[PDB]
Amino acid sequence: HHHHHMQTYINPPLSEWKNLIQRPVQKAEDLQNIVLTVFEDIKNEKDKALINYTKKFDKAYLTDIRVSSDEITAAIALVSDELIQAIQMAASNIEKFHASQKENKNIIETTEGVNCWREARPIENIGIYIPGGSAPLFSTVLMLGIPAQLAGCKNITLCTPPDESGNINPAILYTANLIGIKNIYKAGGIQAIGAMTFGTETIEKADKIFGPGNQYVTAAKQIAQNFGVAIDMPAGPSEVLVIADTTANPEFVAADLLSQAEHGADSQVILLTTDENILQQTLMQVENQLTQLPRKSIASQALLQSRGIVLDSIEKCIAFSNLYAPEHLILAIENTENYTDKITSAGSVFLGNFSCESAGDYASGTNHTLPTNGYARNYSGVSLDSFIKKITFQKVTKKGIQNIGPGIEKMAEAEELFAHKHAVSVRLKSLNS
C-alpha cells in the first residue's frame, strides 16, 4: 500500500538511454509577439511603460522606479544579525574563488619579432534580473554581483519586481547594497528585460543581462539578443544527478535529491547507483524525509518526472551522466580523484559524502548560476569570464614583418586580396629602401 514517488529502472539496455536522459517537456507557447509588443512599448513610452506594466502585472502603482536610500536603510534594519553574518561568510568565499580566476598577462613570441597577448577588460554595463515573490533568492545577488565587481564593471543595474505594496524583500536590498550595487529598480518580467535592453529615462541600457526567470523572462532575454544585448546563458528548470556506490550515505543522498526537488515542480533529479540495495535504501529515505518538507507538494511533482537507475559499474554511471549533461553532479563515491577526469559535461561537480549541493548553492564559493536542460554540453556556469572581454594585442617589429611578411603576401594572393598583400609590401619595401 506504499505510494512510490520515483520510478526505477534496473540495468536498462544502452538502447533505452536515449529515453532515460530526457528532461520533462517544456511549454510550447509562442511568446514572440507578446515580447515584441512589450519591447515596442518600452521603446516608445520608456518609464511610463515600466510603470504601466508594473501596475498591470505586479498590482503596484509606483511613483518612483528606483529604490531610495531610505528604503535601503529600512531594509538593512530588517535583516537579523545571524543572517548578516552568514551572508558575509558566503560573500567572502564567493569573492575569494572568483578573484582567483583572474589571468596574468602572458606575452607570447610566436615567431621572431612577433609578440601577441591578451588582456581582460570589463563589460561596462551589466544588468541583473532577480525574480520576486515571498521567498527571496538573494543568494543569486551574490553570485552575479560579486564577479561583476571583481571584473571592474562600472555600471551594475539590478531589476526585481515589487510586491503589491511597492516593496522589495529586505534580504535582496541588504545583499545588493552590501556588495556595492547602487542602481536598484522596482521592475520585473518582460518589461524589466526590455528596460535593460533599450534603456529608459531611469534605467541606462545594459551591454549584457544575467539571471534566470520564468518563461516570459526567458523568452524576453532570448529575443533581446536580436537588439544587440548579450545574455549569460539559456534557461530551464534546475536538476541534479547523483552517482552513488556502497560507500554513499542513503540519508545524505535522499536529502540531496529532495533539496533539488523542492526548487520547483519542473525540476528533475536522477539517481544512478551501482546496486539495487543502495537504491532501495535511498528511496526509503526519500519517502520518510518527504513527509517533513513544507514544500512536499512541489517536490512530489518533481519526483514524478525523476528516475532512479541501477547500472553495474561507476564507469557506466559516468557514461550515462556524460550523455545527460547535468546542471549539478554529485559523486557520492569512493576515491573520486580516480573518476573526475572522465567527466565531460556537468555544470558543477560535488565530491564525496560531505559535499552537498546546498553548499555550492550558498557558500562554498563556486557559482550557482549554471547551465541546465543539457546546456552543460555547450555552456559554462557564470564566472569571472562572463563579465569581461578578452582583447588580443600584437606588436610586430621590423624584423617581425620581414619574417612573416612574404608568407602573408602569398596567402593574400591566394585569397585574391591585393590590398591585404600591399599593406605588407609597403612595409617591406620601406625597410629594404
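Counting begins at 1, following the sequence as shown.
Checked against the record, the higher mean CA B factor of 38-46 and 379-387 lies with 38-46. Checked against the record, the higher mean CA B factor of 270-278 and 349-357 lies with 270-278.
Across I314, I330, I231, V141, the greatest Cα temperature factor reported in the deposited entry is at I314. Annotation for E103, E334, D256, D207: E334 ranks highest, by Cα B-factor. Looking at the C-alpha B-factors along this chain, the one for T200 belongs to the middle third. Compared with the other modelled residues of the chain, the Cα B-factor recorded for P371 ranks in the lowest third. Remark: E119 belongs to the lowest third of its chain, ranked by C-alpha B-factor as recorded. Sort the modelled residues of the chain by CA B factor and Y362 lands in the lowest third.
Sort the chain's modelled residues by C-alpha temperature factor and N177 lands in the middle third, per the entry.
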